[PDB]
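Q: Take this structure, written in structure tokens, and hold onto it; I'll ask about it next.
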Amino acid sequence: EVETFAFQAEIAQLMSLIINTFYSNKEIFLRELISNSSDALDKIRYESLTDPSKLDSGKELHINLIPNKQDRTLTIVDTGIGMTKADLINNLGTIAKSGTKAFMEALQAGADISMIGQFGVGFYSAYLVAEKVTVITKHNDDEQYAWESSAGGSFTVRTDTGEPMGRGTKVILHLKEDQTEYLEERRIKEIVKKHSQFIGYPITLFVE
Ligand SMILES: O=C(c1cccc(O)c1)c1ccc(O)cc1O
């Protein structure tokens, strides 16, 4: 059973802007997704301080970067708080409508697409490099779900029966044909070192 949802008009507009605007500095997508994973890991860390049982679903707090050249996917995995079905539908736990407005207002005042994260809608920078994004998530208070969107105004949500992950979020980027440099080990290393060198969690770049 797959449920299909319309993106709110502002998010559809934001995604269209990310996909259609000429902007060469696409590598910032990885900084934005690692930043989101870091935020999710801080959240479960903070909740665990008063309720250590919240780590029964996994004590390790980390971020894994998984390139797959055969599938042309770059997956960002974290063992953060995860998202409920409600969080997923509500723009992946973001204030995407007000955030999109503030980002638009910022762009008019001299900002560029790299500042997207400041407005809490950094997730959508995934569409700088991906034609489709799949989000597999598991929060302690809910079931495992898969969110997916190829943009075009809609997203789907379904239960995810395969590969139980325990807790956290997996962001699967189905890369555009001309964005395969983000599958290269030296390119991923370079971006992590440039933009995410002081993240407070281990970032493991998997090899093939
Ligand atoms: O699961 C989250 C998340 C992030 C911040 C707060 C929260 O309640 C959930 C998440 C959201 C986006 C992403 O790219 C990675 C993630 O782990």
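Going by the entry's author numbering, the sequence shown opens with residue 16, and the numbers climb by one from there.
Built from N, CA and C at the ideal position, the CB exists for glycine as well.
1. Can we count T88 as close to ligand 1, meaning its CB is less than 8 Å from some heavy atom?
2. Using a Cβ distance threshold of 8 Å, determine whether the region 140-148 contacts the region 28-38, with at least three qualifying pairs required.
3. Is it the case that the CB of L48 approaches a heavy atom of ligand 1 more closely than 8 Å?
4. Less than 8 Å between the CB of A161 and some heavy atom of ligand 1, yes or no?
5. How should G97 be labelled, buried or exposed, when 16 other C-beta atoms within 10 angstroms of its C-beta is the threshold for buried?
6. Could you tell me if the beta carbon of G97 falls within a distance shorter than 8 Å of some heavy atom in ligand 1?
7. Using a 10 Å radius around the Cβ and a threshold of 16 neighbouring Cβ atoms, would you call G215 buried or exposed?
8. Across the region 16-24 and the region 153-169, are there enough close Cβ pairs to call them in contact, namely three or more that are closer than 8 Å?
9. How is the alpha helix (DSSP H) around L56 delimited, first residue to last?
A: Considering the structure as presented:
1. No, since every heavy atom of ligand 1 falls outside the 8 Å radius drawn around the Cβ of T88.
2. Yes, the region 140-148 is in contact with the region 28-38.
3. Correct: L48 has its Cβ closer than 8 Å to ligand 1.
4. Checking the Cβ of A161 against ligand 1 gives no.
5. The residue in question, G97, is buried, as its Cβ has 16 or more Cβ neighbours within 10 Å.
6. Yes, Cβ of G97 sits closer than 8 Å to a heavy atom of ligand 1.
7. Burial state of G215 is exposed, judged by a 10 Å Cβ sphere holding fewer than 16 other Cβ atoms.
8. Because the criterion of three Cβ pairs below 8 Å is met, the region 16-24 and the region 153-169 touch.
9. That run of the alpha helix (DSSP H) goes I43 to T65.
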